[PDB]
């Protein structure tokens, strides 16, 4: 049995069945707890749930076909099954906190995409929206082990460790040495010879992050606010090693809105990028142009992290959830709409051994296993 708790913005019912638009305290989700979830993922005013059974459920704003339910205009107030995938066992849904398209990865390695088609980010050689999931044919001969989506581009990595990117080319986020939009998955040739094991994608003028099995972190794309982590603000269209993180044992990477986050095997959280509204967790709202340890979590072993647009969640090994960043809609879970300038214990979860967290644009999720 997996208990799921949700909070934050709920104007399009992206929290799946609660009353009120600003849920300021984590709230037990009856609908999502009943599904037996292995993953919850949050997009722009949207929530997706992958179950142990391998089904996918979606709720929230339906505009641009972002929920994959065969519609494109209203809201879906209660989690509904994406019945287009009911013949598959889905392992993971990838969606950006500010995104309107998503991908799903099956246990047998197939990738499906749906939602907003702009700039080719769905990977079907076109810019057309897909109101329902569609198999990415270009990946059919490839055994995908992981997926990620930004707001304007997408990525996938093979079991052998090759990285593919597609979607909007502008500002170098795809990593192919130019700024050209790619309407179909394209291998990142620079990283051949590294086994890439994880990738994260940003939004708007976006960065991309990748992690190798040697613990090397690479970044490319838009340079604004230092979110590439090599100082200053210059973008690049070629993957570059973030030297600061070498030897740190990074095991998880994420991209929020204009910022980047890494978690290490020893439990340390690093953040860098745009500082506005305290999304970085360092206590001030200044930008940070090379990775810096989140000092407010020092001595707390973090085992999982999630980023929204302007907020972050981190889970300790004892099941406690810390949040920092913006709180216009209650997504900090501190009972108010006051920003958390430093990581702050979320209320309402004591006795719930949280194992994983998730965020969407302005909303937050915690669940047990």
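Residue numbers count along the first chain shown, from 1.
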| remark: Comparing 151-159 with 73-81, the higher average Cα temperature factor in the PDB entry belongs to 73-81
| If you average the Cα B factors in the entry, which is higher, 295-303 or 266-274? | 295-303
| remark: Entry record, C-alpha B-factors for 257, 286, 192, 228; the maximum is at 192
| field | Residue selected from 202, 281, 115, 215 by maximal Cα B factor | value | 215
| said: Looking at the temperature factor on the CA atom of residue 348, which third of the chain's modelled residues does it land in? | reply: middle
| When the modelled residues of the chain are sorted by Cα temperature factor, does residue 128 land in the lowest, middle or highest third? | highest
| Among the modelled residues of its chain, does the C-alpha B-factor of residue 169 lie in the lowest, middle or highest third? | lowest
| Chain-relative CA temperature factor third for residue 15 | lowest
| field | Entry-reported Cα temperature factor of residue 108, expressed as the chain third it lands in | value | highest
